[PDB]
Amino acid sequence: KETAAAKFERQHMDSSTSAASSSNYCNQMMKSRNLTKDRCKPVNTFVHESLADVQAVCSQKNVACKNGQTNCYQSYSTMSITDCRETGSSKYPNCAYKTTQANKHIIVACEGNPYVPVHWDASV
């Protein structure tokens, strides 16, 4: 089984690009990160910053998680991100996503030792 930290990395990290430069970015990334294997993940956000920068968020601003937990942290600075969301023309196995690039503060839940991101809460 995948560790929580490893799953977060696979689902949300894309430091190889500064930003989504194409409307097909999500279709490509959702497939390659294996998020459309047995069903199309409805929603998923990728962050375009170094892994170190994202991990560093765990020692930044502590804010409440949407679920009420208190182990969430909000990035001090905005980060380049790309939100991927299924379009009305999406139907497994032919998943289809809308690609929305933006620069926003990230909010993640952190846990463990080392204390790292294990869940994507939201972006602002």
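Criteria and cut-off values
- Residues numbered from 1 in each chain as written, not as in the entry; some residues may be left out.
- Heavy atoms only, no water.
- UniProt positions renumbered as here; feature names shortened; annotations may be inferred.
- Buried < 20%, exposed > 50% of the residue type's maximum accessible area, 1.4 Å probe, protein only.
- Contact = heavy atoms within 4.5 Å.
- Helix = DSSP H or I, 4+ residues; strand = E, 2+ residues; numbered from the N terminus.
- Pairing = 2+ DSSP bridges.
- Disulfide = S-S within 2.5 Å.
- Salt bridge = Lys/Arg side-chain N within 4 Å of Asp/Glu carboxyl O.
- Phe/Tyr/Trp six-rings, centres within 6.5 Å; stacked < 30°, edge-to-face > 60°.

Peer 1: Is there a simple way to explain the UniProt feature "active site" in the protein chain in this structure?
Peer 2: Look at the UniProt record and you will see "active site" annotated at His12 and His119. Across 108 residues of sequence, these annotated residues stay compact in space, with a maximum C-alpha separation of 9.1 Å. Overall, the relative accessible area of 6% leaves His12 in the buried class. Apart from residues lying up to four places away in sequence, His12 is in contact with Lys41, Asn44, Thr45, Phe46, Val47 and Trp120. Not counting the four nearest positions on each side in its chain, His119 is found in contact with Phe8, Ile107, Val108 and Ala109.

Peer 1: I tried to follow the pairing of strand β6 (residues 106-111) on my own but got confused; where do I start?
Peer 2: Across a regular strand the side chains alternate sides, sitting on one face of the sheet and then on the other. Burial within β6 is extensive, with five of its six residues counted as buried. Relative to β6, strand β3 (residues 72-74) runs antiparallel, the two being bridged by three bridges. Looking at the pairing, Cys72 lines up with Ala109 of β6. Two strands pair when backbone bridges link them, and β6 and strand β7 (residues 116-123) are joined in this way by six bridges, in the antiparallel orientation. Along β7, the bridge assignment pairs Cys110 with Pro117. Taking the residues that link successive antiparallel strands as the turn, the β6-β7 hairpin has four residues, and the phi of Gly112 there is positive, at about 85°.

Peer 1: How should the state of the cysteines be read in this particular structure?
Peer 2: In total, this model carries four disulfides according to the counting rule given. Bridging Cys26 to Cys84, the disulfide has an S-S length of 2.0 Å. For the disulfide bridge between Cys26 and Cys84, the dihedral angle about the S-S bond is near -80°, and by the sign convention the bridge is left-handed. Of this pair, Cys26 sits in helix α2 (residues 25-32) while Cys84 sits in strand β4 (residues 79-86), and the two are 58 residues apart along the sequence. Residue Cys84 is classed as buried on the basis of its relative accessible area of 0%. One disulfide in the model links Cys58 with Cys110; its S-S distance is 2.0 Å. The disulfide joining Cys58 to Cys110 has a torsion of about -85° about its S-S bond and is therefore left-handed. Here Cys58 is found in the loop between α3 (51-55) and β2 (61-63), whereas its partner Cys110 is found in strand β6, with 52 residues between them in sequence. Each disulfide in the protein chain links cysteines that, numbered along the sequence, combine into the pattern 1-6, 2-7, 3-8, 4-5.

Peer 1: Looking at this structure, how should I read the pattern of salt bridges?
Peer 2: Side chains that differ in charge, positive against negative, can pair when their charged atoms come close. The full count for this structure, using the stated rule, is three salt bridges. The closest approach of N and O atoms between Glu2 and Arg10, which form a salt bridge, is 2.8 Å. Note on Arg10: relative accessible area 24%, which makes it partly exposed. For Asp83, the salt bridge is made with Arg85, and the minimal N-O distance between the two is 3.5 Å.

Peer 1: Whenever I open this one, the packing of aromatic side chains confuses me. Can you help?
Peer 2: Aromatic ring pairs are defined here through the distance separating the ring centres and the angle between the ring planes. The full count for this structure, using the stated rule, is two aromatic pairs. Ring geometry for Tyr25 and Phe46: centres 6.0 Å apart, planes at 85°, overall edge-to-face. Here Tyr25, found in helix α2, pairs with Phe46, found in strand β1 (residues 43-47); they are 21 residues apart in sequence, far enough to count as distant. Ring plane angle 90° and centroid distance 5.8 Å describe the contact between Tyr73 and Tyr115, whose orientation is recorded as edge-to-face. Here the residue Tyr73 occupies a position in strand β3, and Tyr115 occupies one in the loop between β6 and β7, the gap between them amounting to 42 residues.

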